[PDB]
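Q: Handing you this structure, nothing more for now.
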Amino acid sequence: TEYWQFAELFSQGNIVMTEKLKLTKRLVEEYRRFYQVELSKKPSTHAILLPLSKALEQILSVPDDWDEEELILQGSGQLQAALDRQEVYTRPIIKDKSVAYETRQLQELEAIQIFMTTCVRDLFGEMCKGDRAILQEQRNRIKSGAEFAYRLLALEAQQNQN
RNA sequence: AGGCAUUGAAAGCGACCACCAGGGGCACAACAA
């Protein structure tokens, strides 16, 4: 929380930074609807960021000619393919067998889709101006900021659930 | 030894898998005259 209050402090007069800090929390607060590694098991950064690392690696690797509205479908496909390679306990929407499979699938596909839509629309399209150089220089600062955002959301959940 | 007759239908793949982890700075120099 200390290092978040510093980011929230340096951003106070600048909209483009305040927007990026709000977006970086929202971006993970969206993927935390469908993927949750438990911090108690002492996980890697690779784990905490699995959907963000596969959203960015797909946006950056695909040819620069292709549209945002196709990038979202191929990236949500890869996220769906990647989630099916993890162990089941990390997937909040599938893991509750209390609800029917065809609706667990519908909630997973829309939770992945809305996240992939935020990464391609708001991260790449809006904030990074649709430029792969500007996203490639930010890649690692986004990943660090998202790791702190994931820990802040997890701390906030484990407190406010009382 | 003769005439004859050197083939013929069909099939031309089928299933699944298209990755996995972990790293994402490390050291120092911020003025000199």
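In the structure tokens, chains take letters A, B, ... by order of appearance, with residues numbered from 1 within each chain and ligands from 1 in the order shown.
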From chain A, collect each residue whose DSSP state is helix (DSSP H, G or I) and return the set as a PyMOL selection string.

A: chain A and resi 2-10+15-31+39-41+45-48+50-61+68-83+88-90+92-95+101-127+132-160

Q: Could you name the residues that touch residue 22 (chain B) at 10 Å or less, counting only C-alpha atoms (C1' of nucleotides), but leaving out those on the same chain fewer than 4 positions away, as an MDAnalysis selection string?

A: chainID A and resid 44:47

Q: When you draw a straight line from CA of residue 125 (chain A) to CA of residue 142 (chain A), how long is it in Å?

A: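 CA of residue 125 (chain A) sits 15.0 Å away from CA of residue 142 (chain A).
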
Q: Which residue gives the smallest distance to chain B among A:139, A:148, A:5, A:126, with only C-alpha atoms (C1' of nucleotides) counted?

A: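 So, comparing all the options, the nearest one is A:139.
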
Q: Which is closer to residue 49 (chain A) than all the others in A:128, A:88, A:153, A:146, using only C-alpha atoms?

A: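 Nearest to residue 49 (chain A): A:146.
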
Q: Report as a count of residues only the set of chain B residues whose atoms approach chain A to within 9 Å, with distances computed over only C-alpha atoms (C1' of nucleotides).

A: 4

Q: Just the number, please: distance in Å from CA of residue 129 (chain A) to CA of residue 72 (chain A), one decimal.

A: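 Distance between the two atoms: 16.5 Å.
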